[PDB]
Amino acid sequence: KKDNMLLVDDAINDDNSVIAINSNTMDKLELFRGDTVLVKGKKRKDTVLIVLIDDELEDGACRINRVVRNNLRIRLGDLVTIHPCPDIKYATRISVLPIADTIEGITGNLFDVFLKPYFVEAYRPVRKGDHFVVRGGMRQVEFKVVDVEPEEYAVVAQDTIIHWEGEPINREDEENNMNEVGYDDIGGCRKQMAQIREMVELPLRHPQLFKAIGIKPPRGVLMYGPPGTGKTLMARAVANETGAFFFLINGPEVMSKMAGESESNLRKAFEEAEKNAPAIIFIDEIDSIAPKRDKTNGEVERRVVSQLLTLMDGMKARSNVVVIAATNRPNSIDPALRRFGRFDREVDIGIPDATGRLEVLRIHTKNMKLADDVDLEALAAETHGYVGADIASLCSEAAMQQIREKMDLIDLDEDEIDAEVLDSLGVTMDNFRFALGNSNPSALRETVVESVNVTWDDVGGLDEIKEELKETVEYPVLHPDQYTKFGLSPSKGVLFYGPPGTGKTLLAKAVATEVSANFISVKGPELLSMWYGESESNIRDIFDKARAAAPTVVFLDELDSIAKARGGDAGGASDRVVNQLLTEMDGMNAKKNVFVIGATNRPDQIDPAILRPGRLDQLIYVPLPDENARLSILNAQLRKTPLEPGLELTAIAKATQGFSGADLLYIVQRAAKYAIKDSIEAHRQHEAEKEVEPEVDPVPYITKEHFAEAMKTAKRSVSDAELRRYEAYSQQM
Amino acid sequence: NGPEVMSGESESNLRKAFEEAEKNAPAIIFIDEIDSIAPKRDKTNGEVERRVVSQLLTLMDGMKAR
Ligand SMILES: Nc1ncnc2c1ncn2[C@@H]1O[C@H](COP(=O)(O)OP(=O)(O)O)[C@@H](O)[C@H]1O
Ligand SMILES: Nc1ncnc2c1ncn2[C@@H]1O[C@H](COP(=O)(O)OP(=O)(O)O)[C@@H](O)[C@H]1O
Ligand code: BEF
Ligand code: BEF
Ligand SMILES: [Mg+2]
Ligand SMILES: [Mg+2]
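Residues numbered from 1 in each chain as written, not as in the entry; some residues may be left out. Chains lettered and ligands numbered in written order. Part of a larger assembly, values for the part shown. Heavy atoms only, no water. Residues with missing side-chain atoms left out of burial classes, pairs and counts.

In terms of determination method and resolution, the entry is listed under cryo-EM at 3.7 Å.

Within the PDB entry, the label attached to chain B reads Cell division control protein 48, and the organism entered is Saccharomyces cerevisiae.

Chain A goes by Cell division control protein 48 in the PDB entry, where it is assigned to Saccharomyces cerevisiae. In the Catalytic activity part of its UniProt record, chain A is described as follows: "ATP + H2O = ADP + phosphate + H(+)". One UniProt comment on chain A, placed under Sequence similarities, says "Belongs to the AAA ATPase family." (UniProt positions renumbered as here; feature names shortened; annotations may be inferred.)

So, in structure tokens, the structure goes:
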């Protein structure tokens, strides 16, 4: 460890142009009380200050006031490199300007008042870009050094000419934001960030390493992946981490209404990137530029593609520029633009894992008065399919929920704002839980499923079936250590079969509500279209949305219409659907861990090519309920009902042997209908006896006579031959 | 190569390449990645692909003994 790098500490000396080192630091690095030292911090910024012996400092980190600390874009507890510069000498002239909001109210001679006594006889060591502070006249004004004559940094001796102007600006706040954000604001993408940093650092600063090894540096990088991942943030961080030129052009803004000058715009962009310095070019949204040369019909876009191909190929060794192109979809790319020489190093910035979600959480919400009872580990563990911007939307929705929560009771008084509510603001766990329950992933927005309030105790019976189901779904998405220690490839599909009215759709709803993962549901023949190619493109982009928001559950309901038996046809469309489903279901490796759930009524018409072991091997039979399962169904269907205390369901469980949950629900609904009819008759009788008093309801519970009248027309659902067919299929399989 | 023939100038490029290979010497032409030029003519729906396939057909057929 070279002792030339030190951390930022609080300031004892309240002066602007000063830093404090300890004496044991002075003997460790020769410097003095008058010595003017160059501080170079993060964000590629610098500053100049006077070193002074400080006993309290302790050699390891340095004291600097908040003004110096700001110019370096550092905080208390950040590292900076310190090194002396006496090459700097007395100024010829200086160019400071007051920031508008620090002078709103006053006017007149700022020089005589603030600047004159501030710089006098101190010969301060200033810098271009510095923003210093001067206290006087019952306020503190902030000026920004806009220009000096003696290079970037100089000293303000009494002979130095201080020029101030009355240009109150707003620009510094805007200037800080664009420069703001470097490489510490992007979390969860460490390998791609290191590769991008290498690709912008090594060919641009020192090509001697690549000349020594003998590998030609690439002059082009492509960024693809899901939307809202961080390609634009990476481009902004790369544009801010270097003070070189950054010619920013976009996709559809290179055109013009005159007779063919977009080629001249591309030529002038390339010549302005070539004229100044070895620089970097970021071309955003190249899908509007490259139409893949197949679905285009014009000549102007082909001339644009040819001009960009000629301007991308003709780069010599003395040019030394690289290009960055952000791209949403990775399939509509021109293979002539993907030729060897222009775009070769394609990075894959995918969805983050739990540690990446923790990194983006600790990046985003660390700039607020947050809470006192928060744990981000459970928030990152429960969240599965979010990527990049959805976490920021979650934090914004939590802040808006906190604002809605602390408004109706504390009386904000929207005509004029107070100062009592503003400091008592904390986004607690309840606002984050409400924001988690009131949001959705950005890839599953168009396939949003309406909320069905069912739990794992609402499905009466099927106890061992539901516990092995919740185990075999909860295993491969949260704890992969048992999967790694087992050493066997897992199942990537499951199927339900049995009589209708048994609980397959109810088990699918219980998966959709209480599995702590994502869920996407389609109907059977919904993914078919009369056009050509769309009937397979629907399955293709549905499975693309499934692979994007990993993990998820794709419930293919009623597979007797998609996976129809082949067996003279209508043209071969269902065969194309089955083949597309087979080639989109066979590309399931250990990554992206999706799960396909099927539930049919007739299992004889399912394709053996899709019932093959290795594609969809599991087969859970859901049989008819027994006595105890029927009692559990009758107890779970009567949960939120005002039942009679002197009423038992064991007689209903014993008197019905071949019944099912659907007709049991029909029995309970007919009993409720009879109770509602009795309530209506008692209400109209009470109205007649009042016009010509009981309780709030004359029938507060469902009596035994209502059940005895509802079970009078209680048929059964399934016949006898269907049970024989299902028993024959269960004996065959 | 295949998709480096486009910019009515694909037919001019095909005629230019064939007359250049016929003018100089008895030689050999390498056409790499023919699947872009020949889209199998039934699944395609464009018209400059049909025109450049017809041009390649009438230019490959028009080679004599000399
Ligand atoms: N990987 C990431 N890490 C941190 N913040 C991210 C990430 N991806 C996206 N964001 C956040 O998403 C918001 C907008 O992202 P943006 O750069 O516009 O997305 P993109 O690169 O897809 O165009 C910003 O608030 C940004 O901080
Ligand atoms: N085992 C069960 N426990 C509780 N309710 C059940 C059960 N089986 C069926 N039901 C009821 O049946 C109704 C519809 O059943 P559903 O799942 O759609 O049938 P299927 O098995 O044909 O897909 C729901 O109102 C549900 O409450
Ligand atoms: F990937 Be981002 F939405 F550009
Ligand atoms: F969905 Be069930 F099998 F009627
Ligand atoms: Mg973008
Ligand atoms: Mg169903």
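Remarks on the overall build of chain A
Assigned secondary structure in chain A consists of 23 helices and 22 strands. In terms of C-alpha radius of gyration, chain A reaches 36 Å, well past the compact-globule figure of 27 Å for 733 residues. Overall size of chain A, expressed as C-alpha extent along the three principal axes, is 110 × 75 × 60 Å. (Helix = DSSP H or I, 4+ residues; strand = E, 2+ residues; numbered from the N terminus. Rg over C-alpha atoms; globule rule 2.2 N^0.38 Å.)

What to know about the pattern of salt bridges
All names here are of chain A. Its salt-bridge partner being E346, residue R338 comes within 2.8 Å of it at the nearest N-O pair. When the shortest N-O distance is used, the salt bridge between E382 and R433 registers 2.9 Å. Here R433 lies in helix α13 (residues 429-437) and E382 lies in helix α11 (residues 376-382), a separation of 51 residues in the sequence. Residues joined by salt bridges that share partners form a network here, namely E263, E299 and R303. (Salt bridge = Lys/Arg side-chain N within 4 Å of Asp/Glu carboxyl O.)

With respect to unusual backbone geometry
For the bond running from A550 of chain A to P551 of chain A, omega is -5 degrees, close enough to zero to count as cis. Position of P551 of chain A among the secondary structure elements: in the loop between α17 (534-548) and β20 (553-557). Backbone geometry places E558 of chain A, a non-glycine residue, at a positive phi of 60 degrees. Mapped onto the fold, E558 of chain A is located in the loop between β20 and α18 (573-585). The backbone phi angle of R41 of chain B is positive, close to 70 degrees, even though this residue is not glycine. Inspection of the secondary structure assignment puts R41 of chain B in the loop between α2 (34-37) and α3 (48-61).

Quick notes on the packing of helix α19 (residues 627-637) of chain A against helix α21 (residues 661-691) of chain A
All names here are of chain A. Remark: α19 packs on α21, axes separated minimally by 10 Å, with the N-to-C direction vectors making an angle of 45 degrees. Considering their axes alone, α19 and α21 lie oblique with respect to each other. In the packing of α19 onto α21, the handedness of the crossing is right-handed. Residue-level inspection shows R630, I633, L634 and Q637 of α19 in contact with α21, the latter providing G661, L664, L665 and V668. When grouped by side-chain class, the residues that make up the contact of α19 with α21 number five nonpolar, two polar and one charged. (Axes fitted to C-alpha atoms, helices over the stretch in contact; angles between N-to-C directions. Parallel < 35°, antiparallel > 145°, perpendicular 65-115°, else oblique. Left-handed = near helix turned anticlockwise from the far one by under 90°. Contact = heavy atoms within 4.5 Å. Nonpolar A, V, L, I, M, F, W, Y, C, P; charged D, E, K, R; others polar.)

A word on the pairing of strand β1 (residues 5-9) of chain A
Residues and elements named next belong to chain A. Where β1 and strand β6 (residues 79-84) come together, three bridges link them in antiparallel fashion. Directly across from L6, in β6, lies its bridge partner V80. Taken together, the three bridges between β1 and strand β5 (residues 61-64) define a ladder with parallel strand orientation. Paired with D9 across the two strands is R63, which belongs to β5. (Pairing = 2+ DSSP bridges.)

Some thoughts on the UniProt feature "binding site: ATP 2" in chain A
All names here are of chain A. In the numbering adopted here, UniProt assigns the feature "binding site: ATP 2" to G501, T502, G503, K504, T505 and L506. By secondary structure assignment, the location of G503 is in the loop between β18 (493-497) and α16 (504-513). Looking at where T505 falls in the secondary structure, it is placed in helix α16.

Side note on the sheet that holds strand β14 (residues 246-250) of chain A
All names here are of chain A. A sheet is described by the order of its strands in space; here five strands give the open sequence β14-β15-β16-β13-β17, paired in parallel fashion. In this open sheet, the two strands that pair with only one neighbour each are β14 and β17 (345-348). Going from strand to strand, the sheet's axes swing by 20 degrees on average, the running direction of each strand aside. Taken together, the three bridges between strand β13 (residues 221-224) and strand β16 (residues 322-326) define a ladder with parallel strand orientation. Bridge pairing links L222 to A325 in β16. Sheet strands in contact with helix α5 (residues 190-205) are β13, β15 (280-284) and β17, and its direction is about 150 degrees off that of β17. Packed onto the sheet, helix α8 (residues 262-275) meets β14 and β15 and runs at close to 160 degrees relative to β14.

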